[PDB]
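Student: Pasting in a structure now, in structure tokens, and then I'll have a few things to ask.
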Amino acid sequence: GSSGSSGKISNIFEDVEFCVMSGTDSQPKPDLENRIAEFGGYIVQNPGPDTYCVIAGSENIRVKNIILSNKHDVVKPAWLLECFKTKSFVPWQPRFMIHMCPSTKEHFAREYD
């Protein structure tokens, strides 16, 4: 709907969709969902053509389906924290990303070397 003077912490995730499948002990699944939004981010249920990426700390039923399709990329729920603690858009890392399309993974392969 509409709004007035929103009280968002930052806009780092401005116009950025987010889909959380599962979280961790310290932080529950619906943990980042709330935060992200506060940082000017969008939270959906199912990943689509207008989705940045997925956030999954482990492998689950739903998460799997997304993996099989090999269309989107999976990321750990921790990477999100680094942004909440530094209030900035932290650069993707090989330790945070769990699954990356064959078009993106290739790029990382080089970096490793």
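How things are named: the first chain in the structure tokens is A, the next is B, and so on; residues count from 1 in each chain; ligands count from 1 in the order shown.
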If we count only C-alpha atoms, what is near residue 48 (chain A) at a cut-off of 12 Å, once residues fewer than 4 positions away on the same chain are taken out, given as a count of residues only?
Tutor: 12
Student: Using the chain letters and numbers from this document, which residues of region 12-97 of chain A does DSSP assign to strand (DSSP E), as a VMD selection string?
Tutor: chain A and resid 16 to 22 41 to 43 54 to 56 74 to 75 97
Student: Those same residues, written as a PDB file, in the first residue's frame with C-alpha atoms?
Tutor:
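Saved the output as again.pdb:
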ATOM      1  CA  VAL A  16      15.933  -5.711  -4.178  1.00  0.00           C
ATOM      2  CA  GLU A  17      13.822  -8.862  -3.897  1.00  0.00           C
ATOM      3  CA  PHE A  18      14.641 -11.570  -1.354  1.00  0.00           C
ATOM      4  CA  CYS A  19      13.396 -15.124  -0.823  1.00  0.00           C
ATOM      5  CA  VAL A  20      14.152 -16.945   2.430  1.00  0.00           C
ATOM      6  CA  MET A  21      13.604 -20.706   2.548  1.00  0.00           C
ATOM      7  CA  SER A  22      15.174 -21.524   5.914  1.00  0.00           C
ATOM      8  CA  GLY A  41      14.140  -4.801   0.705  1.00  0.00           C
ATOM      9  CA  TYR A  42      11.337  -6.945  -0.694  1.00  0.00           C
ATOM     10  CA  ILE A  43      10.447 -10.362   0.716  1.00  0.00           C
ATOM     11  CA  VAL A  54      17.533 -17.144  -2.411  1.00  0.00           C
ATOM     12  CA  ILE A  55      18.682 -17.451   1.200  1.00  0.00           C
ATOM     13  CA  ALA A  56      19.072 -20.945   2.649  1.00  0.00           C
ATOM     14  CA  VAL A  74      21.402 -20.128  -3.165  1.00  0.00           C
ATOM     15  CA  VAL A  75      23.100 -18.127  -0.413  1.00  0.00           C
ATOM     16  CA  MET A  97      27.105 -18.764  -1.879  1.00  0.00           C
TER      17      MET A  97
END
Student: List every residue of chain A that DSSP, applied to the backbone of this structure, places in helix (DSSP H, G or I), and write the result as JSON, numbers by chain.
Tutor: {"A": [29, 30, 31, 32, 33, 34, 35, 36, 37, 38, 61, 62, 63, 64, 65, 66, 67, 68, 69, 77, 78, 79, 80, 81, 82, 83, 84, 85, 86, 105, 106, 107, 108, 109, 110, 111, 112]}
Student: Excluding residue 39 (chain A) and its own-chain neighbours fewer than 4 positions away, which residues fall within 6 Å of it when counting only C-alpha atoms? Please give them as a list in words.
Tutor: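 Here the qualifying residues turn out to be residues 8, 9, 10, 11 and 13 of chain A.
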Student: Next, the residues of the selection above should be written as a CSV table (one decimal), in the first residue's frame with N, CA and C atoms.
Tutor:
chain,number,residue,atom,x,y,z
A,8,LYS,N,13.2,3.3,7.6
A,8,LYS,CA,14.2,2.2,7.2
A,8,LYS,C,15.6,2.6,7.7
A,9,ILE,N,16.4,1.6,8.1
A,9,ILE,CA,17.7,1.9,8.5
A,9,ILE,C,18.6,2.3,7.4
A,10,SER,N,18.4,1.6,6.2
A,10,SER,CA,19.2,1.9,5.0
A,10,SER,C,18.5,1.5,3.8
A,11,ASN,N,19.0,1.9,2.6
A,11,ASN,CA,18.4,1.5,1.3
A,11,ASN,C,19.4,0.6,0.5
A,13,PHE,N,19.4,-2.4,0.2
A,13,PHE,CA,18.7,-3.4,-0.5
A,13,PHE,C,17.5,-2.8,-1.2
Student: Skipping near chain neighbours, those fewer than 4 positions away, what residues fall within 8 Å of residue 96 (chain A) using only C-alpha atoms, listed as a list in words?
Tutor: residues 75, 76, 78, 79 and 92 of chain A
Student: For residue 80 (chain A), work out the shell of residues within 9 Å, counting only C-alpha atoms and skipping chain neighbours fewer than 6 positions away, then give it as a ChimeraX atom specification.
Tutor: /A:32,36,55,89-90
Student: Can you work out the spacing between CA of residue 108 (chain A) and CA of residue 50 (chain A) in Å, to one decimal?
Tutor: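 If I compute the distance from CA of residue 108 (chain A) to CA of residue 50 (chain A), I get 23.1 Å.
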